[PDB]
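K.L.:
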Amino acid sequence: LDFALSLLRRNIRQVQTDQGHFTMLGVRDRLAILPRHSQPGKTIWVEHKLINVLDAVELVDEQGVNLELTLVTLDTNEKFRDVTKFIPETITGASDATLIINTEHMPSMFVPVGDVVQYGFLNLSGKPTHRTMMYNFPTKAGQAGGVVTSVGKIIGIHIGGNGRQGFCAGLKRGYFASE
Amino acid sequence: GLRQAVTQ
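Those protein sequences? They're chains A and B, same order as listed.
Mapping of the first sequence onto the authors' numbering: residues 4 to 182, in sequence order.
Mapping of the second sequence onto the authors' numbering: residues 1 to 8, in sequence order.
(1) Report yes or no: is there a C-beta of chain B within less than 8 Å of the C-beta of residue 143/A?
(2) Who are the neighbours of residue 100/A on chain B, taking C-beta pairs under 7 Å?
(3) Sort 166/A, 45/A, 87/A, 75/A by Cα distance to residue 155/A and report the nearest one.
(4) Taking 8 Å as the limit between beta carbons, can you name the residues of its chain near residue 179/A, skipping five residues before and five after?
(5) Would DSSP call residue 179/A helix, strand or coil?
(6) What residues in its chain sit with their C-beta under 8 Å from that of residue 120/A, if we drop five residues either side in the sequence?
(7) Just grab the DSSP bridge partners of residue 136/A for me.
(8) Starting from residue 128/A, follow the beta strand (DSSP E) in both directions and report where the run begins and ends.
(9) Determine contact between the region 141-156 of chain A and the region 99-109 of chain A, defined as no fewer than three beta-carbon pairs at a distance below 8 Å.
(10) Does the distance from the CB of residue 164/A to the CB of residue 4/B come in under 8 Å?
(11) What number of angstroms, rounded off, separates the C-alpha of residue 92/A from the C-alpha of residue 166/A?
(12) Relative to the alpha-carbon of residue 6/A, which residue among 70/A, 151/A, 78/A has its alpha-carbon at the smallest distance?
(13) So the candidates are 69/A, 59/A, 54/A; which of them puts its Cα closest to the Cα of residue 79/A?
(14) Any idea which residues DSSP pairs residue 24/A with across the strands?
(15) Taking only the alpha-carbon atoms, compute the straight-line gap between residue 124/A and residue 46/A and give it to the nearest angstrom.
(16) Give me the Cα-Cα distance between residue 57/A and residue 118/A, rounded to the nearest whole angstrom.
(17) Less than 8 Å between the C-beta atoms of residue 133/A and residue 68/A, yes or no?
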């Protein structure tokens, strides 16, 4: 739990948008990631501070299909320690993953989702979505944005669920290539 | 009715 513990403290923040409470992973410097349906926009609340969003990029694939990820550049002096090195180069499943959740309503919470498998296509609330992975755990509302970790790796971001299963958007280190 | 889920 050392990794998940250090990642929560250094990198994972309680967040609010117009869509409600979400978990947010700071990736490096002022770059952070959120589930697309959180619709950050121009501003978000990070730990009850109203922050300006300088940039928001919604990840889609070459065909323009939703990946349910939104990269945000925050207007803050605070820098996140670089965790891109814990993000695998290709979207990979895992064994015994821990879903890390951190919102005002569900603070500092570890969820034993278990195995994480390649899933692919998912119709998330009527929206076609690609590159998703799945875990057989009854995830619930308010857990979106949750960080899926396994053996020192950050493999996904929780985005949805169907009652008995949880889904995350796969994480590639390539998403975070510098400019 | 497969491959379905809702945002959470």
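Every residue, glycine too, gets a C-beta built ideally from N, C-alpha and C.
P.N.:
The answer reads as follows:
(1) Chain B places a beta carbon closer than 8 Å to that of residue 143/A, counting this residue as a contact.
(2) In chain order: nothing, as chain B lies at least about 16 Å away.
(3) Per the Cα distances, 87/A.
(4) 30, 31, 34, 74, 87, 90
(5) Residue 179/A falls in the helix class under three-state DSSP.
(6) 96, 136, 137, 138
(7) 121/A, 171/A
(8) Counting along the chain, residue 128/A falls outside any beta strand (DSSP E), and DSSP gives it neither H nor E.
(9) yes
(10) no
(11) 30 Å
(12) 151/A
(13) 54/A
(14) DSSP, once it has assigned bridges, lists 19/A as partnering residue 24/A.
(15) 30 Å
(16) Looking at the two C-alpha atoms, the distance is approximately 36 Å.
(17) yes
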